[PDB]
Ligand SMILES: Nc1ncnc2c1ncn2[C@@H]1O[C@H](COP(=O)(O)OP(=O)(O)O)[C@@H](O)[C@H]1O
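The chain below stands alone and is given as structure tokens, in the form deposited without ligand ADP.
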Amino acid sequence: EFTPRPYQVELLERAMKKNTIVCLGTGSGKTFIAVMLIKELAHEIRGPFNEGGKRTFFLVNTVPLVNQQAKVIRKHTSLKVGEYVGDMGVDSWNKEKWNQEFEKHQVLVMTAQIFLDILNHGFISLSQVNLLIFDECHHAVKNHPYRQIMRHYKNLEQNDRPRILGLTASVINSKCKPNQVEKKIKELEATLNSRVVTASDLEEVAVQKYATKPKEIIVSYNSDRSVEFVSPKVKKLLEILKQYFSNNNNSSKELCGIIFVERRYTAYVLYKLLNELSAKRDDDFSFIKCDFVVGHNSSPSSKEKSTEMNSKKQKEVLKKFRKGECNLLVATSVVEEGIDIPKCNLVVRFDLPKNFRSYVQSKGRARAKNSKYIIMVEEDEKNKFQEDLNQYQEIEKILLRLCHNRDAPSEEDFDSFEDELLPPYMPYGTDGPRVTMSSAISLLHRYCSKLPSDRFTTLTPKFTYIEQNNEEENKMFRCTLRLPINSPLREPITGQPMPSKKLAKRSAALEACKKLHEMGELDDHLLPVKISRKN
């Protein structure tokens, strides 16, 4: 419901001061907080951008969330928003087109990479950004593009101070032990320079969502050795499904279930088996249906058929599942997060959870009456899996226990954040574009592809490798970077001595990058020359 609540407006007031990250539970409509905040600061956007007004930018990982968020933003606000995705091909635009877009629009939504491209090629300054929103921020580890955005936070001046919002459901994306939960949290908070908050009053969540969490039922298959032609786990799965339908015999009403699988072929064949067995005229089998949502885009450049699970096809199958046409869904770990599904009360984890975050998200999925979180585990690993579950549960407990009086800011830990190894190529300083050390490879590939020639798939640049040792005889590396022969330059160049292979690659790319600009092969914005091929 689109109604403000006391226990959420208190968090709104808490976040009004500085940048804040919320750790509200799943299914709580956390986007309500974001829309409320975007409503609160609506009085600063009227400023025109010919003279220096401010707009808002939104960050989203993947395509399906784009329209989902845009719909809510457009529905519950009078603002004239725009939608931008990489599929349309906006990179072909020029400065004036982008400026017209800025003048026309009020609120802009896009994926992660587009902001990298706009900033780095100098199409706009970090100024004039009233706000920024970070959903599923816990991806900002190592070299995710969020970190490359936030690099410009400190290198540039602090003349603009955009407030930072924080939405997440899990705060660590790798396995951990209970004694090591504070280190990663402190590091992440330092990177984003914010404070993580938590829920206070789950007055309505504890009634129909928190209390309706799936109680764990663990069942051991006994694979110690026409259904006789398949593995015993299949027969046990049929038996346990029949046990579940022992409940649905009286409750023959509509319901939907999720069967998470790992291997693609497993998902492929379970649908065929289910459809074949649905013809036994059984009362349970009288309503049995199956369909694929697995694989997603998979390898975009063919390399497999798999029906390819086309984006249009995915939209079709998701729509037909949401409406209630089908009941049983066979999936890989693609629907676990970032999409709305009709309520379910039966999850068959045909394969075990991998790490902490995956287990949390999988357990959170079921929401209907008497949800049953089910795990099929061999009897011989039952104790190991039980102690792993104990470890996960204590990690969750200490996580929910540490988030009290979290009013301490990182402060100097943000300054302590490390840097790269070489200065970026900045021909005109802050008045010119930038080329970071860790982004030259993609730009070189892009220029080579856009370089007028036959688009051979083998056109990837040629590199040579050599292993040496320094004076102290540590491991050392070096590479040489080839550029296309059709280009005015042909001879390859060698970079600086880096201690790892990929570091040497990136350094070589950076060193060669400025070379093509300085001789006039790059525009004023370091982009590939936009002169038409007719000329």
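One rule holds for the numbers: they count along the sequence shown, beginning at 1. If you superpose the two forms and keep the largest set of C-alpha atoms that fall within 1.5 Å, you have the rigid core.
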- Message: I want to verify a possible break: how many residues of the deposited sequence sit between residue 225 and residue 226 without any coordinates (none, 1 to 3, 4 to 9, 10 or more)?
- Response: 10 or more
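Missing here is the form solved in complex with ligand ADP; even so, the following discussion is about that form.
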- Query: Site superposed, ligand ADP placed from its pose in the entry with it bound: open or blocked, blocked meaning at least 3 ligand atoms within 2.4 Å of a backbone or C-beta atom?
  - Reply: blocked
- Using a 4.5 Å cut on heavy atoms, which of 27, 488, 47, 497 is close to ligand ADP in the entry with it bound? 27
- Message: Please identify the residue among 415, 228, 431, 340 with any heavy atom within 4.5 Å of ligand ADP in the entry with it bound.
- Response: 340
- Message: Within 4.5 angstroms, counting heavy atoms, which one of the listed stretches 502 to 510, 27 to 35, 475 to 483, 49 to 57 is next to ligand ADP in the entry with it bound?
- Response: 27 to 35
- Contact of residue 5 with ligand ADP in the entry with it bound (heavy atom, 4.5 Å): yes
- Item | Which one of 99, 251, 113, 143, by Cα shift of 2 Å or more between the shown form and the other one, core superposed | 251
- Query: Once everything's superposed on the core, is residue 193 shifted 2 Å or more at the Cα between the shown form and the other one?
  - Reply: no
- Message: Given a superposition on the rigid core, I'd like a yes or no on whether residue 302 shifts its C-alpha by 2 Å or more between the shown form and the other one.
- Response: yes
- Message: If the two forms are fitted on the core, does residue 209 show a Cα displacement reaching 2 angstroms between the shown form and the other one?
- Response: yes
- Task: Taking the shown form as the reference, report whether the CA atoms of residue 207 and residue 76 lie closer or farther apart in the entry with it bound; the distance changes by 3 angstroms or more.
- Result: closer
- Query: Closer or farther: how do the CA atoms of residue 301 and residue 62 lie in the entry with it bound, compared with the form shown, if the change is at least 3 Å?
  - Reply: farther
